[PDB]
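**Q** The structure's right below; bear with me while I get my questions together.
Heads up, the Cβs are rebuilt from the backbone with ideal geometry, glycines too, and the neighbour counts pull from every protein chain shown. None of the figures in this text is laboratory data; all of them are computed from the coordinates on show.
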Amino acid sequence: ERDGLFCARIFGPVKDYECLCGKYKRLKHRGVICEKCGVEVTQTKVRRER
Amino acid sequence: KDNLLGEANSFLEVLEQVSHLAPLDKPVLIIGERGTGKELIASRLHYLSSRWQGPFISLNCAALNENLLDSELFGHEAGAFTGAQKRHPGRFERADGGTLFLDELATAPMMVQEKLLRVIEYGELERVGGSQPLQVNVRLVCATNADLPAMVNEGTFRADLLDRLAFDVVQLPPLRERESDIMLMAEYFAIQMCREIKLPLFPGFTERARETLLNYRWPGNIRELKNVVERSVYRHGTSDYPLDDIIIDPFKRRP
Amino acid sequence: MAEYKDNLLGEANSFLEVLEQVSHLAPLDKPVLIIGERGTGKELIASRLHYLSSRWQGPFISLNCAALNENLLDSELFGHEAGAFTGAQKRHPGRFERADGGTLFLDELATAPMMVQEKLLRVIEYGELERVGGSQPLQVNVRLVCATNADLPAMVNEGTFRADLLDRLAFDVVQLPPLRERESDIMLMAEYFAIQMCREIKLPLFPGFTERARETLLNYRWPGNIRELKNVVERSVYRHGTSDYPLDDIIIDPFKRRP
Amino acid sequence: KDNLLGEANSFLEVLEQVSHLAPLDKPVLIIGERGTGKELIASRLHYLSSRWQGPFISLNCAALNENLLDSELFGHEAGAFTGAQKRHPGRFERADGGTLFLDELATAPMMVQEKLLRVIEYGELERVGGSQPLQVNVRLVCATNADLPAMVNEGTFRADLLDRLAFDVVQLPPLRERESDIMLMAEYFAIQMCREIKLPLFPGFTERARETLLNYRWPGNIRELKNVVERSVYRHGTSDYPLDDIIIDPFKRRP
Amino acid sequence: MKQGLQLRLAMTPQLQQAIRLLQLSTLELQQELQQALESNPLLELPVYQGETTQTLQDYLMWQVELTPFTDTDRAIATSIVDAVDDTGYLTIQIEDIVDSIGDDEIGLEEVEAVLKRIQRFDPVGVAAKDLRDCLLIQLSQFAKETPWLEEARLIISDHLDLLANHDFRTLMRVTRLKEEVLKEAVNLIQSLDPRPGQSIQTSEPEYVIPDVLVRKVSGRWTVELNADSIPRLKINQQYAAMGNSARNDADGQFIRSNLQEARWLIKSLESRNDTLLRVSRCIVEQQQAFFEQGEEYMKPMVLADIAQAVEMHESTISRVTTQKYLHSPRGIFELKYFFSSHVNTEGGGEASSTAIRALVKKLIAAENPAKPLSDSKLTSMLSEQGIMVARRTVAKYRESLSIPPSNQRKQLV
Amino acid sequence: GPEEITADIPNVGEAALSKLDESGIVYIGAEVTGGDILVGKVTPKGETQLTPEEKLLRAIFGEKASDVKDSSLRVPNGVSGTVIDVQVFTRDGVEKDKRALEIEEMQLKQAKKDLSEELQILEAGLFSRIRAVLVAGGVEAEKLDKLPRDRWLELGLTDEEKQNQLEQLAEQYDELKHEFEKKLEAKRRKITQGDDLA
Amino acid sequence: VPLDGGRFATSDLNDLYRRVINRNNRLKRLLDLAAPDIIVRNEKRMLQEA
DNA sequence: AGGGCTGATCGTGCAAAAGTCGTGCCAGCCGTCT
DNA sequence: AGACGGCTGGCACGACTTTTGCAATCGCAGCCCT
């Protein structure tokens, strides 16, 4: 959901390192922030930790 | 269910026939004296018809324009002519299931007779340049002062027009023909008219003039009696005036 | 294939042979001309032919010369493509253009417009049709069928019917018998009509046709072959009757006013 | 060029005169018997005219409508009226050099006569509110079953209507008249009828019935003979039927 | 009067925008309404549950972490695994992951080594990456003692193109081997860890919100508007009652303008819903044959005449007809999907290009797998139906269906 | 798409199908060791596009298409042993009866053998009544024993009392045959009435 | 906590604080519109409660 | 004492140009059998 | 072993769909200019 509950660019990372939109879809990508949605493409522990 | 019918033997038989034929959606014919209001019985039957909850729209045959007869029996599809929009159902298509009492049916011309013969069939309504005709079933009703057999013998009406009729041609007896409860019905009509015109009643009343006019022609079998009664009431302009010197002769010049 | 006629309102004496001859001519698509009583035995014959009509999916488009007004008749006949004649809009599919390959079911309306007849003469001349304001004529195909009610030669001698109209038409003649002549399936048709009336009106049983009723029907001139009998039977059923009298004092003729 | 012409002295002379005037594009009248196929011979001669490879569009004189006389004889400029776009040349303008074969001219009205007289002028195609008329030259041909002199004596044909045709009137002989290729045309018609009726041939053949019908008026000089031949072939119902018990009488109630 | 007749307004801006929003979709209109309501002042158990690779993604990473790997090796394995499509193959190769990282330390060689170590871990052939080497890895992991293993390996190595057409005889001729000699090998190659997890790898769930649901209540399918998916426009009556008493003319005028705009928008939305319902009823009536029989019984159904005969015209209804869906026994059908092609006529013809595709699929199925049937046969069937397809006018239909026939693809028997 | 038991489990071991009967279910009485799969229902799965990679997969292996999720019934853990029998109930409108027709056939066989036995006794009583009515009147039991023959078809042991008794017993036997046929028909309808699931 | 899978059946996780946040955004739009002080106070009664 | 002019309020269609399919139809080719 | 052939895909054009881009003129009258 766009800006909904557990929304992208919010509440931590995504399920996979792939972004919800799809931009910067790689676990290797660390500092690359998808322009479509600014969310962490990393391990999902931050999802609880955000 | 409001006509001031005498409910006499002839009136009761006619009402029974109308009620029996009310459920039937087949076309019916009305004979008798026009101007008397056989159309009121037709409206009563249409209300009592099976299509009681149906849009019933009667039509005067003489009302339709000759060059607009097509637009009268149908609707311009607007795919033609200078007229736009249109696409409006004809009066029959406007009713489309109710009662269309044919008024001035005897006034229908040979072209009108042929158009009616075309309408003797069921539905199949094609508009101006229509892709396909539309079938719509509606109950039919016709009234005519003149004798349909007489017109057919004269050839004024088309043969199929007579063949268009299916139910019994209900013939209306004249004023002198029944003359059983006409006194009571006329008295009731006069009372209602007096109440409507804020006239209480006629203290003079009496029926010697009424008994004499019972032996009167009354060409307007029902309407003429009421009109003459209203004329007498207005001209007398008094209640305590018995049925004396009162005759059905409004056009007559006094001496 | 074989399509049964919805009704078989025919005469046992020779309308059976007439139907046989019609089936014999059923395969052909040429001008088929029927004749008989107007309003009675005519469009019933048309429906029987349409059942016996060759092939299928044929637009049995029926037109009556009474309709289409006077000025608007030509536009609906020949069609209309150019503007100002059909209000522009789409190329108006004319009445003739409506049925392409279908039966041109004619009604014995006898259009007083000799202009209508002259238009129809070109209608079946080489199988072509040009829309109103149409820059190009269009060759069209369709079947033809008609029913008649008056002496076309009598009108042609009287000039009421154009000689060219009958010359282009009248390839073969099929006259339906008058009602006063057949007198054969009269009992059969009467019984069929009585049964149909009892079925439709939910009558408990057919009251039955008394010998007096049959004698009156035989004596009845019945100007209409297939409808006047139908209308008389309808009027008699409308008059109704108890189970006691089968047809005593049955009002077949509704034109007769009551006492 | 598909008509099975009798090639009789009359028919051959007619074909020869048609070819002789085929190169000429002047107005002419094809007189004689209509219903007999003047249209087919007209198409054959149009294929045989000077402009054989041309758009030829014929029509019935009284086919159109009275109020649409301008819209038929010309094209709607669409500058006025509810008409839109349009600017479509008429059928005569659609030919634009072709043969405007006049058919059913006997049914033309007085307004039609005036329009034809306007057509007697060289081209001059002026629409409704058009800028200037356009002169367009096309071949002209006429065919009718009635005597235009008779109409002009009756006054029905206008003087210009009589003068509309620019050549001597060529008459088509009747069936009771030509009566020359009657056997040959009869045999060709019988062959065609058998082929259409899926009958290989008539084993009875013969022309005794054909010879008897030769001594008949046959008013539909070609139409009546063909219709009667087809009717007899269909009525026989068996190929082995000689030219006996076969006649032209569709209307008569058979004994 | 006579055969003559006669001919007989103008608006813009606000109503134009209101009508424009009606032309949009269901979820798009919901989002637009949500955004509009955000400015309108007068309008009215940590982490759920799952499993290792529940959506086909974490089993591979768990297996990799269950094995000794360095931080860079683990990162390369995670780049391979997380960038694995729903088909189980690595959706993004090593190059894509390196580019997204932009790190030279995680090079192509390191990523390739990590993938090879995790080539067959749990399950075999994970992060397969356009799986052609993954099939070979599955075959090699399968015991080489299997019969015709050399033949299967030779087929999988570079004979993939020959077997793509399924021309076994031509493939054997190319390989210079007897036909069906590697039939056991061919069968084993068919049974060779397709997409590893394949269906398990295919965690592709199902999502659908048809704008309507065709219950087909007692036939003549009852089209019921998705009222739950249909928002209800609520106007804040509290702002209405708190604005009338406002003595400040500016606030009252603003509230009145907001109320008028909300009324116009609610009218536009209600009109869109009503027109959609009417058009859906008409389409259901027209294509009950398509709803019950299927795509073969497809006739054109774009709204016309009836919509004009009812009210206004099809104009702006063609505009609002966009993006309307229905859930039916046939399945989910769109508004444009309801309208079909015309064969018997120029418009509304009995057959359709969708019907053409359905008949083509049926005919190609009604043939041996070696060679599909001629389109001329389906063409004759359409001609019987009245379309008169012919073999050439069928090429477009076959291309739309994309069924590979013998000339397109020749399979050996 | 419903999960239909046809043993058509996508990517199923041959031995797994080797136990399931063609009805998806297995044969009866069969013993299961470990987590054996008995009834393989084919729950439909979602579809996809052309997917030329999956197009090539279908061209190679095929028959799976990821369209039928396996709803197969496999034995529970720590559960293995003899299957004494099974029961299958199908809702009204579904009557595959792959083995349900066989089960209903066995059941109706027992039911009819029941109905026949009573009907057999009734018919035997009528036949013996006829034989006795014809007995002791020149219609020897050997004539009746050789062929029922309606006890030589009213041979005339009395020819009036025997004849009238024969007529009455013939009417009774016709009525009894009609009644037994009707009872068998009603029982067959009840057995064929099937199940009705949710 | 989706028991049937078809419905999430948010085990007390569906935050009306999301609806409260939507109401707060509406309050912010109204403040941009400078809504009446009564609306502002009532807006707090709901948004400030979150 | 007489002119100017002031902006309120003024709503369910359609059409006009474009697109765009449907159907058909050409061109080549490869499977092949010659 | 090159041509039949059906495929197939490009190529083509009318017929059906569409969508977007279009609202002044008040008529109050009072105030302000003349």
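**Q** Could you pull out the residue among E:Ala309, E:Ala365, E:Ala358, E:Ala351 that is in contact with a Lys or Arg (Cβ under 8 Å, 6 or more places away or on another chain), more than 8 Å from DNA strand I (Cβ to nearest atom), more than 27 Å from E:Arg20 (Cα to Cα) and of a type in the set (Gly, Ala, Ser)?
**A** E:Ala351 is the lone residue from the list that is in contact with a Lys or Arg (Cβ under 8 Å, 6 or more places away or on another chain), more than 8 Å from DNA strand I (Cβ to nearest atom), more than 27 Å from E:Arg20 (Cα to Cα) and of a type in the set (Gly, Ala, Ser).
**Q** What number of residues in the stretch C:116-141 are of a type in the set (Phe, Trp, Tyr) and either in contact with a helix residue (DSSP H, G or I) (Cβ under 6 Å, 6 or more places away or on another chain) or not in a loop (DSSP other than H, G, I, E, B) (or both)?
**A** 0
**Q** Mind checking which residues of the stretch E:124-151 are part of a loop (DSSP other than H, G, I, E, B) and either hydrophobic (A, V, I, L, M, F, W, C) or buried (at least 18 other Cβ atoms within 10 Å of the Cβ) (or both)?
**A** E:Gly125, E:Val126, E:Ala127, E:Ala128, E:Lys129, E:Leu131, E:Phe142, E:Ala143, E:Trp148
Listed here are the residues, each with its yes/no results for (1) surrounded by 13 or more Cβ atoms within 10 Å (Cβ to Cβ); (2) touching a helix residue (DSSP H, G or I) at 6+ places or on another chain (Cβ under 7 Å); (3) outside any loop (DSSP other than H, G, I, E, B); (4) within 14 Å of chain B (Cβ to nearest Cβ).
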site	(1), (2), (3), (4)
E:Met1	no, no, no, yes
E:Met11	no, no, no, no
E:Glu38	yes, yes, yes, no
E:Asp85	yes, no, no, no
E:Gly88	yes, no, no, no
E:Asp104	no, no, no, no
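**Q** In addition: Can you tell me which residues in the stretch C:129-149 are within 11 Å of another protein chain (Cβ to nearest Cβ) and out of contact with any strand residue (DSSP E or B) (no Cβ under 9 Å at 6 or more places or on another chain)?
**A** C:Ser135, C:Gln136 - these are the residues of the stretch C:129-149 that are within 11 Å of another protein chain (Cβ to nearest Cβ) and out of contact with any strand residue (DSSP E or B) (no Cβ under 9 Å at 6 or more places or on another chain).
**Q** Related question: Of all the residues that make up the stretch E:13-28, how many are of a type outside the set (A, V, I, L, M), within 26 Å of the chain's Cα centre (by Cα) and within 9 Å of DNA strand I (Cβ to nearest atom)? Walk me through how you get there before you give the answer.
**A** At the first step, the residues of the stretch E:13-28 found to be of a type outside the set (A, V, I, L, M) are E:13-14, E:16-17, E:20, E:23, E:25-26, E:28.
Restricting the remaining residues to those that are within 26 Å of the chain's Cα centre (by Cα) gives E:20, E:23, E:25-26, E:28.
Within this subset, residues satisfying the condition of being within 9 Å of DNA strand I (Cβ to nearest atom) are E:20, E:23.
The total comes to 2.
**Q** Considering the stretch E:161-186 alone, what residues qualify as being away from DNA strand H (no atom under 16 Å from the Cβ) and in a helix (DSSP H, G or I)?
**A** Answer for the stretch E:161-186, where residues must be away from DNA strand H (no atom under 16 Å from the Cβ) and in a helix (DSSP H, G or I): E:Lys183, E:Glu184, E:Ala185, E:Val186.
**Q** Let me ask something additional. Filter the stretch E:44-71 down to residues that are part of a helix (DSSP H, G or I) and in contact with an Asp or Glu (Cβ under 6 Å, 6 or more places away or on another chain), then give me how many there are. Please lay out each step first, then the result.
**A** Taking the stretch E:44-71 first, the residues part of a helix (DSSP H, G or I) are E:58-65, E:71.
Those still in the list that are in contact with an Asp or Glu (Cβ under 6 Å, 6 or more places away or on another chain) too: E:59, E:63.
Result for the stretch E:44-71: 2.
**Q** Confirm whether E:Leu382 is more than 8 Å from DNA strand I (Cβ to nearest atom) and surrounded by 20 or more Cβ atoms within 10 Å (Cβ to Cβ).
**A** Criteria met by E:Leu382.
**Q** Exactly one condition in (1) within 20 Å of the chain's Cα centre (by Cα); (2) farther than 20 Å from B:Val18 by Cβ; (3) surrounded by 16 or more Cβ atoms within 10 Å (Cβ to Cβ); (4) aliphatic (A, V, I, L, M) is not met by B:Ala146; state its number.
**A** (3)
**Q** Name the residues in the stretch A:24-50 that are at negative phi and touching a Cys at 6+ places or on another chain (Cβ under 8 Å), would you?
**A** Hits for the stretch A:24-50 are A:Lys25, A:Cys34, A:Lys36, A:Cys37, A:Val39, A:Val41.
**Q** Here is a follow-up. Against the definition (hydrophobic (A, V, I, L, M, F, W, C) and assigned to a helix (DSSP H, G or I)), how does B:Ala186 come out, yes or no? Don't jump to the end; show me each part of the working.
**A** On the way: hydrophobic (A, V, I, L, M, F, W, C): yes; assigned to a helix (DSSP H, G or I): yes.
In short, yes.
**Q** Now a separate question. From the list E:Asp274, E:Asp249, E:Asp211, pick out the single residue that is under 16 Å from E:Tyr325 (Cβ atoms), of a type in the set (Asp, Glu) and away from chain F (no Cβ under 14 Å). If you could, list the steps in order and put the result at the bottom.
**A** Details: E:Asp274 fails: under 16 Å from E:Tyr325 (Cβ atoms); E:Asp249 fails: under 16 Å from E:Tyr325 (Cβ atoms).
Going through E:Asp274, E:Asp249, E:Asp211 in turn, the sole match is E:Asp211.
**Q** Within the stretch F:18-69, how many residues turn out to be within 30 Å of E:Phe168 (Cα to Cα) and within 14 Å of chain E (Cβ to nearest Cβ)?
**A** So the count comes out to 22.
**Q** May I pose another question? Just give me the residues in the stretch D:205-229 being within 25 Å of C:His24 (Cβ to Cβ), in contact with a helix residue (DSSP H, G or I) (Cβ under 9 Å, 6 or more places away or on another chain) and surrounded by fewer than 16 Cβ atoms within 10 Å (Cβ to Cβ), in sequence order.
**A** Listed by number, the list holds a single entry, D:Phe205.
**Q** Mind counting the residues in the stretch B:75-96 that are in a loop (DSSP other than H, G, I, E, B) and surrounded by fewer than 17 Cβ atoms within 10 Å (Cβ to Cβ)? I'd like the intermediate steps shown before the answer.
**A** So the first thing to find is which residues in the stretch B:75-96 are in a loop (DSSP other than H, G, I, E, B), and the list is B:75-90, B:96.
With the extra rule that they be surrounded by fewer than 17 Cβ atoms within 10 Å (Cβ to Cβ), the set shrinks to B:82, B:84-85, B:87-89.
Counting residues in the stretch B:75-96 that are in a loop (DSSP other than H, G, I, E, B) and surrounded by fewer than 17 Cβ atoms within 10 Å (Cβ to Cβ) gives 6.
**Q** Next up: Is it the case, given these coordinates, that E:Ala36 is within 16 Å of DNA strand I (Cβ to nearest atom) and among the hydrophobic types (A, V, I, L, M, F, W, C)?
**A** Criteria not met by E:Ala36.
Matching residues to (1) farther than 20 Å from E:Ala246 by Cα; (2) more than 10 Å from chain E (Cβ to nearest Cβ):
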site	(1), (2)
G:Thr10	yes, no
G:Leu30	no, no
G:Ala35	no, no
G:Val40	no, yes
G:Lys44	yes, yes
G:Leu47	yes, yes
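**Q** How many residues does the stretch B:152-178 hold that are more than 19 Å from the chain's Cα centre (by Cα) and part of a helix (DSSP H, G or I)?
**A** Number satisfying all stated conditions: 7.
**Q** Kindly establish whether E:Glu334 is surrounded by fewer than 19 Cβ atoms within 10 Å (Cβ to Cβ), within 30 Å of E:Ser268 (Cβ to Cβ) and more than 10 Å from DNA strand I (Cβ to nearest atom).
**A** yes
**Q** Another question, then. Condition (residue is surrounded by 19 or more Cβ atoms within 10 Å (Cβ to Cβ), touching a helix residue (DSSP H, G or I) at 6+ places or on another chain (Cβ under 9 Å) and within 30 Å of E:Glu314 (Cβ to Cβ)) applied to the stretch E:28-35: is it met by at least one residue? Please lay out each step first, then the result.
**A** Here is the first cut: in the stretch E:28-35, the ones surrounded by 19 or more Cβ atoms within 10 Å (Cβ to Cβ) are E:29.
From what is left, the residues that are touching a helix residue (DSSP H, G or I) at 6+ places or on another chain (Cβ under 9 Å) are E:29.
Next, from what is left, pick out any that are within 30 Å of E:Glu314 (Cβ to Cβ): E:29.
Yes.
For (1) within 39 Å of the chain's Cα centre (by Cα); (2) assigned to a loop (DSSP other than H, G, I, E, B); (3) over 30 Å from F:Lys190 (Cβ atoms), each residue gets a yes or a no:
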| residue | (1), (2), (3) |
| --- | --- |
| F:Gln110 | yes, no, no |
| F:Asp114 | yes, no, no |
| F:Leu119 | yes, no, no |
| F:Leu126 | yes, no, no |
| F:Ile130 | yes, no, yes |
| F:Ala136 | no, yes, yes |
| F:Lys143 | no, no, yes |
| F:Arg151 | yes, no, yes |
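**Q** While we're on this one: I'd like to verify a number: residues in the stretch E:9-34 that are near DNA strand H (Cβ under 9 Å from one of its atoms) and of a type in the set (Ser, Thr, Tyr), how many?
**A** 1
**Q** What are the residues in the stretch G:12-28 that are under 30 Å from E:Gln54 (Cα atoms) and within 11 Å of chain E (Cβ to nearest Cβ), if any?
**A** If the condition is that a residue be under 30 Å from E:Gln54 (Cα atoms) and within 11 Å of chain E (Cβ to nearest Cβ), then G:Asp12, G:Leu13, G:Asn14 are the ones that fit.
**Q** Mind listing just one residue for me: the one in the stretch E:368-379 that is more than 30 Å from C:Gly58 (Cβ to Cβ) and small (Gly, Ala, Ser) and, of those, nearest to DNA strand I (Cβ to nearest atom)?
**A** Per the criteria, the residue is E:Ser374.
**Q** Being crowded, with 21+ Cβ neighbours inside 10 Å and within 14 Å of chain C (Cβ to nearest Cβ) is the filter; apply it to the stretch B:35-58 and report the residue that is nearest to B:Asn227 (Cα to Cα).
**A** B:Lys38
**Q** Further question: I'd like the full set of residues that are within 12 Å of DNA strand H (Cβ to nearest atom) and in a helix (DSSP H, G or I), limited to the stretch E:279-333.
**A** E:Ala307, E:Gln308, E:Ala309, E:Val310, E:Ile317, E:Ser318, E:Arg319, E:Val320
**Q** If you go through the stretch C:59-101, how many residues are within 16 Å of DNA strand I (Cβ to nearest atom), more than 23 Å from D:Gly90 (Cβ to Cβ) and more than 8 Å from every other protein chain (Cβ to nearest Cβ)?
**A** Counting residues in the stretch C:59-101 that are within 16 Å of DNA strand I (Cβ to nearest atom), more than 23 Å from D:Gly90 (Cβ to Cβ) and more than 8 Å from every other protein chain (Cβ to nearest Cβ) gives 1.
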